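In order of appearance the chains are A, B, C, D, E, F and G, and numbering begins at 1 in each one.
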Amino acid sequence: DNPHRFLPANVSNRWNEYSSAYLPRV
Amino acid sequence: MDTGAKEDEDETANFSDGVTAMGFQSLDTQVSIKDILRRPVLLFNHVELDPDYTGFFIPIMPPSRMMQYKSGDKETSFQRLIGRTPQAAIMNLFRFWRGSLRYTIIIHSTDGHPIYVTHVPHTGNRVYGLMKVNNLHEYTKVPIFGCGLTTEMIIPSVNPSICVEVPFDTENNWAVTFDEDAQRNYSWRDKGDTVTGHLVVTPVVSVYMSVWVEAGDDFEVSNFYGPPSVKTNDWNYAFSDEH
Amino acid sequence: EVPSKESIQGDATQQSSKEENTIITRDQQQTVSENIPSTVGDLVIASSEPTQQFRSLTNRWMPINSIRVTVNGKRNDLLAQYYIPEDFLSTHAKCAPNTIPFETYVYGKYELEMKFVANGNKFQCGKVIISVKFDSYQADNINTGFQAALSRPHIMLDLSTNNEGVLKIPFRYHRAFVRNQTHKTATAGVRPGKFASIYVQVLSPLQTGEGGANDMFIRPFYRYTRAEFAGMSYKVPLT
Amino acid sequence: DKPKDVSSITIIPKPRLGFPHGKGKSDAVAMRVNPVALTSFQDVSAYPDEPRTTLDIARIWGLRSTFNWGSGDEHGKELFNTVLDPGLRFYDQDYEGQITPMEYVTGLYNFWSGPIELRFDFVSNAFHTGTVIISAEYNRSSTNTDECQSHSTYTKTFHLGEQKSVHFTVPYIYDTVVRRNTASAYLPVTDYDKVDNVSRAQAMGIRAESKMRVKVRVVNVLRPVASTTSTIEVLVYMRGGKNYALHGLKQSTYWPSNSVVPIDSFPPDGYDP
Amino acid sequence: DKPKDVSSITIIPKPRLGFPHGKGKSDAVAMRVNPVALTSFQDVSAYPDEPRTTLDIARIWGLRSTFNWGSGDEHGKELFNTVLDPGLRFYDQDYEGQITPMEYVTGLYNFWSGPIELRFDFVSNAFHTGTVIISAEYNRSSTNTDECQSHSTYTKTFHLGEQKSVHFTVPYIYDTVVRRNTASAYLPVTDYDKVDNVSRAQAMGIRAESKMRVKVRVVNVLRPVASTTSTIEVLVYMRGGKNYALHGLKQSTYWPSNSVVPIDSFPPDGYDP
Amino acid sequence: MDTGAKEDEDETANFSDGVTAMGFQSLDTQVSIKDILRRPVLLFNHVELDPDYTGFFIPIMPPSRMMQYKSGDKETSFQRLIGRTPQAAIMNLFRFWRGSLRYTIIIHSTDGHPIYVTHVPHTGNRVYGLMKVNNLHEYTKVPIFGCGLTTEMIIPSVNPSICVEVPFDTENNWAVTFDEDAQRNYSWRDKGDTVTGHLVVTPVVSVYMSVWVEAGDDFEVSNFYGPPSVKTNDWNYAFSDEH
Amino acid sequence: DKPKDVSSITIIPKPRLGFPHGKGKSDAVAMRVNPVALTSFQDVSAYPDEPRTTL
C-alpha cells in the first residue's frame, strides 16, 4: 500500500509523527 | 522571525550602505508579501466537470508544497508548476494563514447553462476533483447548490469567468498551511486543519474549467518557519553570455 | 559586562537570575531572544469561566535532561528536541512542582523561557544553536535545519566562552488553547500536549586540543513566564 | 409618468477586473450573507515580529558557506574564494541544501541590487591567533597565487584574537543600477530531461554570469598554542544590506527538495485502513 | 448640434446582482405598475413578540430529556448522563421526535458557541426530599461509579424540597472560540440508502464528536413520605445562553417527520370528485 | 413566541454567561431571519418548457414543508432538497407571511427568442408545472402574456437569467405558509390561501429552465408555530474523527 | 436589507478604447503588481537637446 500512510514504529510515537527521542531524523 | 543581528557583535568599520535602487526604474514595488500573495496562481488547467458527480471539489488552501509536483509520483489534476510560483515559495515559509481566498474560475464554454459554485465551510475533510458525495449515482435531484449552502452561478454566454471570495469559516484561529507529509494517516481532526472548507463546481452538461487562486484583501499569514531544504538545476538549461 | 582584576575568589563579577525559589548564576555574558507577543483576545471567549495561574509553582526554573556534545557531532545534528508542554510533563523532570496544575486542568495557554548553560573549556571550541518552532505537530521534519533555526527565534551558544542563552517562547497556536493530557476517555482525533518544538542543533562541531576532552555538557532549564489553565477536572497522572 | 432616459455611455467589455495585479481593485463576489463583511483581525492577527516584505526576509542572516583555516596555510593563501552572485550558488552544477534566506527570496525575482553583507564567525577560542584579509573584487579577478591583486581592491583586514567575528559589507559596484538574476525566469523542465544545445538555445534567457568575487586570504599564519586545535572552521553568513532591492517576480529558482508529497483526497483516497 | 460623446468605461459583465447574498443589492424587476412601489406594513405587520433572529428562537426553553429519580437510587448513582452537543442528540442512531428550539435552529449552522442553559424541573410535591449534584465535565469524563470524578468539575448541588426547579448554566470551555456542528453540511441521501464505508469516506465531512458531558448524580437518596410516590420524573429543559452564537448556514440537519405531503395542482389534480 | 422564562423561578447562583463569539471570526452575522430568507432556494432544476401549453406555472409561496420530498412518494418536478434548506426550516415555524417574493429564472439557451414571465394575482387556485389553461390545444394566438396581466421578457442572447419581484396581490392580510396535508380536499376558498398568485413562463420553442425563489425586501413573517416533529439520520453517513 | 437597485443606463459596446489616437485615453492594462505604477524618468530622461517634434 501507500508507504506515506504510517511512519515505521522505531522512529515514531503513538501519534504517527517522529518521536522527539528520535534524533537521527535529520 | 529573528534577524540574527543579536549575534553580530563586531563594531569595527565597514564600507558604505549605499543608496537603494528601489523605485529607480519604476514605482512598481513588488516586495510586499501580501501584494505577492494577491496575484493569481493557476491550480487546474482545463480539467473536466462531469454532471454524474456532485461536482468538482476545490479545497480552500493557498498554494504551497502541499501541491508540489515531484518527478516520478502519480499524476494528479494539479498543474505541475504550482510549487515553484513565488507565492507557493512564500507560503512555504509561513505555517499559519487567516482570512479569505479568491478563486477565479473559467468555464470553457459559451452555452447558456448555469454552472454553480457552492461554498462548503470547514467540515473536517480535504478533497479535490470530481466526487460523488455519499457514493450515489444521480445528483440532479439532490444538487449540492440547492441544499442551503452559499452558492453563486456562472452563465458562460454572459461571462465564462467569475471571481469568488470564500470566507474564513472555521473553528480555528489560524488555518495550517502545510504538513511534512500530505499523505500521512494521523489524528483525523488535525488532518483537516489545513483547509477552511471547499468550493464545489457543478455543471449541467460535461464541460471543462480552469481555476486560479489568490489571497483576498482580508488576509494575513504568520508563524514564520524559516527556509526549507531546497534544490535547483536551472544552470543546466541555458547558455551563459560567453557561449 | 566588564571583568575585574583577580582577588581571593577570582574575578567575582557574576550575574544571576532569581525566579521564585530558584537561582541561576552566569560567569560570562548572556544572549537573549526578543520578547514577542502571544495571541490575545480569544481567552475570554474560549473559556466562559475564569482561567488560572499558579506562578509560585510554574514560574520557577526547572533543569531538564543533560545534553552531551562530542567531537563527533556534525553540523545540523539534533542534540536534543522537545515537544512542549508534553515532554516537560511526562519525560523530563517528571516530579517537578511546575507540573502540578497540568494534573487537574484540561486546557492551557503557555509562555515560557528556556535558559541554556554550557561548560566547554578554554582549549575547546564549537557553536550550538537552539530554536523554537511554533505549532509544529506534523511539520517537525521540514524547515528543520540550522538555516530555519537561524531564521526563527533562536539563541546561539559558543562552546568555549560559555555565554548563557535565554529563549523566550510566546504562545502561538492555531487554536485558543492546547490540550494538556491524553486520557482513555479523551478523544483521539486531536493529538494533545504539543503547541511547539524546541531544537538544539550543532552549528559548528565541537573541537578539542591534544589530549583534551572529547565532549562537554549543556543543561537546559525551563520556567513558564505565563501559564494559564482552563477547564478543571479530576486529577490524573501525567501521560 | 414614464419619461424616456437618454443617458448612455460607450463601454469596453473585459472578462475580469484586476486579474494580473497584486493591488488595486477586484470584482470578487463574497460567498457571504453580507457582500461587504470581512474576516476579523481584531483579536487574531499577524504578529508584529513576522516579516512583512521579501526584503525583511533578505535581512535575516543565513549561513552561506564554511571553510577551514589551519596553522599550515601559508601567507597569501586563499582560504575562501567565491563569485558573490545572490542569483545562483553554482553556474556548473546542481545545488541542493539549505539556501540562505536572502538567496531564497532573491530567487523569486529577475533583478537585485544594493550592498550585500557578510559575517565571518571563527569557531575558535582565545588561544587561536592570526590575521586574514577579506576582499571584494570587481570585473577582473586575481590569481590564486597573487595576493597583491586581491590587496588592490576593497579590503578589510581582521586581527583574530579575543574577538572571534567580523562583519563585512560588500559594495555594490556595477555598470548597471540593478543586476539581472542568473537563474531562469521560467523553466518548464520537470522530469530532469537530459539536456542538449537545442534545449539551451530555446531557454527563456541567457545567463549573464557574474565575475564579482569575495576572497579571504591568510595575512599572518594561524598560530594556535599546541594545547588547542590547529585548524578551525570559519562560518560565512550572508544577507542583504539595508539597501538591498528586489524586482521582477518570476518562477522561483529554488524548490523544496525534502519530504515533498502532493496531497490526495482525505478520507476518500484510502485513509480508511 | 450633434457633438460626439467621448465618455466611456470598461465593464465586467455578470448575469445576476447579489445572487448569493441575504443583504446588499438586488437587480430584481418589480411586476408592478410603479417599479418602486412596495407592500405596505403600515397596518398589517409582524407582531413585536415574534422572534427576529435564530438566536431569539434558541432562547426559547425546550424540553430536552426526562429521567426518573427514586428512593431506591443509591448515592453517587448517575440519574442523568449525556454528551451535551447541540449538533446531534445521538452519534450512533437516528433521532425522531420533538427536538428543542435551540437544537432545531443550531441544525441550520456549521458552528455554534457560548454557554448553554439547562433547567431541571422535578415533578414532585412538598413531601419529596433529596439532593442531587449537576456537573459539567470537559475533555475527559468520569466513571459511572466514581462520583468523585464528577465532583471535581463545574458543579451545582440542588437541595430538593419546597422549591422544585433548578437552573444550571453550562460553561463553554473548549480549545476553540466556536465549535463545529457534528451533523453534516450536505447530505444528498434521500432514500435511506443502506450505507457502507465508501459512502462514508465520501461524505461532506468528518464528525468531530464531543466529549463534553453533563451528569446528575444522587447526593442524598430521595426520601419521600410513604403516602406519596416513591419515584418522580425530572424534566430537563435546554436553551442557548444569552451569549449563544451561530454561524455558517448549511443544509438543515433536522426535517419534518410527521404529516409530510408534497403539494399537487389544485384543482387540476383530481380535486373534482 | 413565549420564551418560557416565566416558568424559570429558580434564583440561586449560576456560572458565568461568558462573552459572545459573534463577530470574532468575521462580521458576517447570519442569524437574522429575514437575511436567511433573502438568499435563494432552488425550486426547479432544469425543467422543460413546452410551447403547446399556456406555460409553466410557479405558485407564489415560499419554500416550506409544502414542497418537501418524502422517500417513496410520487416523483414531482420539484428539486428534492427544498425541505432541508435553512429557509424552509424557518418557514416551517411561521404560518403567516406578507410581502413580495423574488424569482430568479434561468433559461438554458442563447437564442434570440423572447421568453415571457407573466404575473397572475391571487385567483384561488394553486398549480405548478405545464398547464393548458381551459384545456385548449393552441396558445400562440391567445398567449397569457398578451392578455393584459403584468408581464416581463427574457431574451437569452442578452441574458438567459432574470430576477423578478412579484407583489402581494391578494385579498388577505397574510398568506398562509402551509397546511398539515397539502393534498386534502377541504373548503375551496381556504385551500387557495397558501399562495398569492402565480408566475407563468412561456417559451417560443421547447427549452429548459431553472427557478430559484427568495423573500423580497418588503417582506415579513409571523404567527410563530413552534418546532414540528423532526427526524435525522446524518450520523450514519460519515466517519467520526476517531475512525 | 436587500433593496432593489433600479439604476440603469444604455450602453454602446466597442472592442477597444482610443485605438486610432495618438493622445486621449487608453484602456491598456498594466502588466505590473500595481495597476497605476509607471516608469520613472526622475533620473534617466530624454535630454533637453533632443528633438521633440518633427518640425
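Before moving on, here are some points about what is shown:
Note that in this section a residue touches a chain if its C-beta (ideal position, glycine included) is under 8 Å from a C-beta of that chain, and two chains touch if they have at least 3 such contacts.
Here the chain at the heart of the structure, going by C-alpha means, is B. For the interfaces D-G and E-G, the C-beta contact count is higher for D-G.
The mean-CA centres of chain E and chain F are about 24 angstrom from one another, to the nearest whole unit. In this assembly, the C-alpha centroid of chain A lies 28 Å from the C-alpha centroid of chain B. Annotation: 58 Å between the Cα-based centres of chain C and chain G.
In chain F, the residues that touch at least two other chains are 15-21, 24-26, 28-30, 35-36, 38-40, 80-81, 84-86, 159-161, 165, 217, 237, 239-243. In chain A, 2, 4-5, 15, 17 are the positions where the chain touches two or more neighbouring chains simultaneously. Each of residues 8, 10-30, 108, 113-115, 154, 171-172, 176-178, 184, 187-190, 195, 199-209, 247-252 in chain E touches at least two other chains.
Every pair of chains that touch is listed here: A-B, A-C, A-D, B-C, B-D, B-E, B-F, B-G, C-D, C-E, C-F, D-E, D-F, D-G, E-F, E-G, F-G. Per the touch definition, chain A reaches chain D in the complex via residues 1-2, 4-5. Of all residues in chain G, only 8-17, 27, 29-36 touch chain D in the complex they form. Per the touch definition, chain A reaches chain B in the complex via residues 2, 4-7, 15-17. In the complex of the two chains, the chain E residues touching chain C come out as 113-115, 137-142, 148-149, 152-154, 171-177, 208-209, 211.
Of all residues in chain E, only 15-17, 19-23, 26-33, 38-39, 41, 44-47, 49-57, 59-62, 88, 90-101, 104, 107-109, 113-115, 119, 121, 136, 154, 156, 158, 163, 165-172, 177-178, 183-184, 187-192, 195, 199-201, 203-209, 237, 239, 241-268, 271, 273 touch chain F in the complex they form.
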